[PDB]
Amino acid sequence: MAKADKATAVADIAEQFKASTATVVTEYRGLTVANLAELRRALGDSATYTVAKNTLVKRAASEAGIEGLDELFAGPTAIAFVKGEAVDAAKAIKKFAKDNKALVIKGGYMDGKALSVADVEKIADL
Amino acid sequence: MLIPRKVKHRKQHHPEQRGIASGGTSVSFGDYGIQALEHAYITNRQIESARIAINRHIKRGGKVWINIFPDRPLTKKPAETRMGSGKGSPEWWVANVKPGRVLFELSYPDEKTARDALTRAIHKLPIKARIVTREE
Amino acid sequence: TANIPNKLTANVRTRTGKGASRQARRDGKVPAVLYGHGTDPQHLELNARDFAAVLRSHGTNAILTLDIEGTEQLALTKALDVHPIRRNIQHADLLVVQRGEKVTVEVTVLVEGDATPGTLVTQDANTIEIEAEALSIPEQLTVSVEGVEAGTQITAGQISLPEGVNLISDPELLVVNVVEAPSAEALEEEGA
Amino acid sequence: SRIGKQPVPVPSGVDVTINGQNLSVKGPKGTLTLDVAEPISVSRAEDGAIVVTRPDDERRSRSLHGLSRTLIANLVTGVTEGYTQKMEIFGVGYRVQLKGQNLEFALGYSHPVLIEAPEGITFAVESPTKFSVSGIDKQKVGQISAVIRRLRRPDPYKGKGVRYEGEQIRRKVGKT
Amino acid sequence: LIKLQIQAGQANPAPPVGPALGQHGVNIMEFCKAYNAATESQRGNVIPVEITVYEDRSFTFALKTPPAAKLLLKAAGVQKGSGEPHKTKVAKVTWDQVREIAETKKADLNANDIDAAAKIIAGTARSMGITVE
Amino acid sequence: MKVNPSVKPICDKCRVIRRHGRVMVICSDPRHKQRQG
RNA sequence: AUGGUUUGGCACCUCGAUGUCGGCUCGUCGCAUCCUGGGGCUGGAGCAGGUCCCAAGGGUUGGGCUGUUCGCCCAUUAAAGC
RNA sequence: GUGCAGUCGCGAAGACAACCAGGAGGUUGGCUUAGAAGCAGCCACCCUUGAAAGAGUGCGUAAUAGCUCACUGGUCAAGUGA
């Protein structure tokens, strides 16, 4: 991963996020690619599921209001963008979480605010 | 086993081993080459054993160029003979090699196999040699 | 292709000869001479490390702007003398050139691409002749071999050259030759 | 170096006495003595820990630094926790029963073998085919555990003999 | 778990379908007949199988789409693929044949749309040297 | 334990070390284990 | 490449003399080890091997044939070393 | 093994070792053979989910199974490779 590649990865993540209404932070340690592929299938219809480096997102977060998620990057980082709709992936990630239980939703971000595990679960229902 | 088809004189003085090579010091045909570093008569068989060694490792692809040709004969008197009574009959053909001379040149797609193959050829030559590529 | 001259500092030589030149090399300086259309041979000593650095980056045909005792002269590396074993630079010939002058020099050729699987690519000629303006000299030329099949000869005339560049060498030179890959039956035959 | 550049934490119950290059540590499990090399200076931080320092950066100081630090941590850990090496025996008719401070092995020899416990080491047998050896010195614990391991020649075919619990021994197949 | 490919018209015990799963300790006679019923409903192509086994030696088998190489071989009419791919080419294939195979593989592939599935079959066709058109 | 003037890392797990001024090769596989002498 | 024992090359000491092959008697030294002693690896299950490393303390048979060294053969032996 | 010097690669966008997780679908790629499934051998050496997964660096199996690795992300905290 060259320095130019590291920089352009920030730009694409920022470009992806800018049109993304909300973000969800989740933990993926211990999930096979096949099951991850089903989550990609459960999310790729409308949303976008990604895993990126902690500091790569950090620089890709200083632009917009995801500067407030710096404390949610401690540990494995899996981020879900919702370019289509708002809560569609929120149900899917919780349902996938209940299916595997090796996944922990670290937190979420929507409309300029950061929320905890219970709160994003509340917005998952709403 | 390379020998000249015919030679004007069959018994010759021993080629002298002084100096360093003036011509043929740079790889011209292939992409890698073996450069000598010490003076020694590279005989007829050593070339054959080395050339076979290159072909075995590179298998199918690639081409090998042998810039050294053994056309200088060497003689030996028949075994169990006192000295005198003329010069012995020619026995083996050698090619005089000076430091800087490029013996073999090998062309192959990937570098790693090509360098390994040329390394095996070096172990079949009496001289200390090094592998040299084409660019500066 | 317009390139910026490389700056070097050169000083004249008090004593010339194999005694002095050997000592100068031992000091890390490479003796050189400078002649040109001005008809004025000058004996200079360049620093070996910086001269090596210029050549490594800008190729063997590097355009120079020497500083000979406070005077700036534009010079071109006509030729070099590399010891066969030590691979040093024993001596360099520098030719003065004015901007806008046609100079005939040799540039290298690189083959870039991916040949067909059943193909061995052979480069017969390393360098080709070129006439170009002193500052418009290309550092190297490229030849592309992708999807080429059978025995196809890429001759000198087929190469594409930058604007203002002429092919002094005749086009008939066969710079690149592509042939069918030899088989183990063919390898164990030649040389016997 | 990196190992030597890490201060040695001393828990509250552990006493540390320094006399120049001589070091002695006293704790609940017993008393130990150590000496450090000339190039390294050993001093005590007022926090209650151990710090080792090397003056220069040649082989001797760099190599001795990592050793000297990790020698103390083993010294301090021995007098607070101690070291217990767990073993287990494989084979048919292979028995172990303890006699006093000595340990006896029935390894299929025509006679039974007996091992005496030196000072500062104790043997505690749990089952006939599983036991343990405990002591203060990591080297002495590992040393006697080595000698016990040499009682029977390695057996790649059936695996009979003494073993460590986590040990994985290679096995081949005796067919013909 | 164990992976095997068994021809549609036969389910006899064989060293490929014997000690391969016999060493795991699973019943064989039941497996041959149950697989036979499904593969003779198809009756057409050799069907890969993946036997999923639990700790109680109970086994659940997975029956998926036929191999792409065998699908392409039968879609081309040739019996054996090219032994020298991309230099000597046995047969020619059309896009509609590729797409129907890709649609067949779509239930077995990790692709998203038919276009991605078609390229996957195109990659498989290149593997044994079947030119695509 | 092969004793040869030339010792090389036969396999990838093989490690080249030096004990008491003599070069060895230590590997998990005992066949690969050799020593310069 | 080692060794200098084999067949040679050289002709330097000895032709106003350095007795030359086998056998006997008597030894002494080297280790490039035949047995005995200690190990590694084995396509080492056990018995028995194969190869390599260390080791020179002791031991290393009697006969048929030939002037024989050498060799083949008969009986043993832990071994019938160079 | 070490002393000196010079290039080049990576590195606080946390380099290297270690520790945690993942290392996939087509697929047992074609030919080849009893077999040959990434791991006798030959040909090509792709596409897809994607962070990253090679027509697979090794071990293991008759062939599968299995252990791995290449490679990716997480903790760590200044250097680490040729």
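Residues numbered from 1 in each chain as written, not as in the entry; some residues may be left out. Chains lettered and ligands numbered in written order. Part of a larger assembly, values for the part shown. Heavy atoms only, no water.

Per the PDB record, the structure was determined using cryo-EM to 3.6 Å resolution.

Anyone opening this PDB entry will find it titled "Mycobacterium smegmatis 50S ribosomal subunit with Erythromycin". Per UniProt, chain F carries the Sequence similarities text "Belongs to the bacterial ribosomal protein bL36 family." (UniProt positions renumbered as here; feature names shortened; annotations may be inferred.)

If you look chain D up in the PDB entry, it shows as Large ribosomal subunit protein uL6 from Mycolicibacterium smegmatis MC2 155. Reading the Sequence similarities entry of the UniProt record for chain D gives the comment "Belongs to the universal ribosomal protein uL6 family."

In the vicinity of RNA strand H, 65 residues are found, and the nearest of them are A:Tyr28, A:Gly30, A:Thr32, B:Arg60 and E:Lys105. A share of 74% of the atoms of RNA strand H within 4 Å of the protein falls on sugar and phosphate groups. Here A:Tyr49 contributes a backbone N or O atom positioned 3.3 Å from a phosphate oxygen of RNA strand H. In the model, a sugar or linking oxygen of RNA strand H is placed 2.3 Å from a nitrogen or oxygen of the E:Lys105 side chain. When contributions to the surface near RNA strand H are tallied by element, the ones reaching two or more residues are α1 (3-18), α2 (33-43), β2 (48-50) and α3 (54-59) of chain A together with β1 (2-6), α1 (19-22), α3 (68-76) and α5 (114-128) of chain E. Considering each element in turn, the surface near RNA strand H owes the most residues, eight residues, to α5(E). Partitioned by chemical class, the residues of the surface near RNA strand H number 28 nonpolar, 18 polar and 19 charged. (Near = heavy atom within 4 Å. Polar contact = N/O pair within 3.5 Å; in protein donor to acceptor, adjacent residues only side chain to side chain. Helix = DSSP H or I, 4+ residues; strand = E, 2+ residues; numbered from the N terminus. Nonpolar A, V, L, I, M, F, W, Y, C, P; charged D, E, K, R; others polar.)

A few words on the pattern of salt bridges. As enumerated under the stated definition, the model contains 15 salt bridges over all chains in all. For B:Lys112, the salt bridge is made with B:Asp116, and the minimal N-O distance between the two is 3.9 Å. Here the residue B:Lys112 and the residue B:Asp116 both occupy positions in helix α2 (residues 111-122), the gap between them amounting to four residues, near one helical turn. For B:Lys112, a relative accessible area of 61% corresponds to the exposed category. Judged by relative accessible area, which is 28%, B:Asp116 ranks as partly exposed. Residue D:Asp137 is joined to D:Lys140 by a salt bridge in which the shortest nitrogen-to-oxygen separation is 2.4 Å. D:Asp137 sits in the partly exposed class, given a relative accessible area of 24%. (Salt bridge = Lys/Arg side-chain N within 4 Å of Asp/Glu carboxyl O. Buried < 20%, exposed > 50% of the residue type's maximum accessible area, 1.4 Å probe, protein only.)

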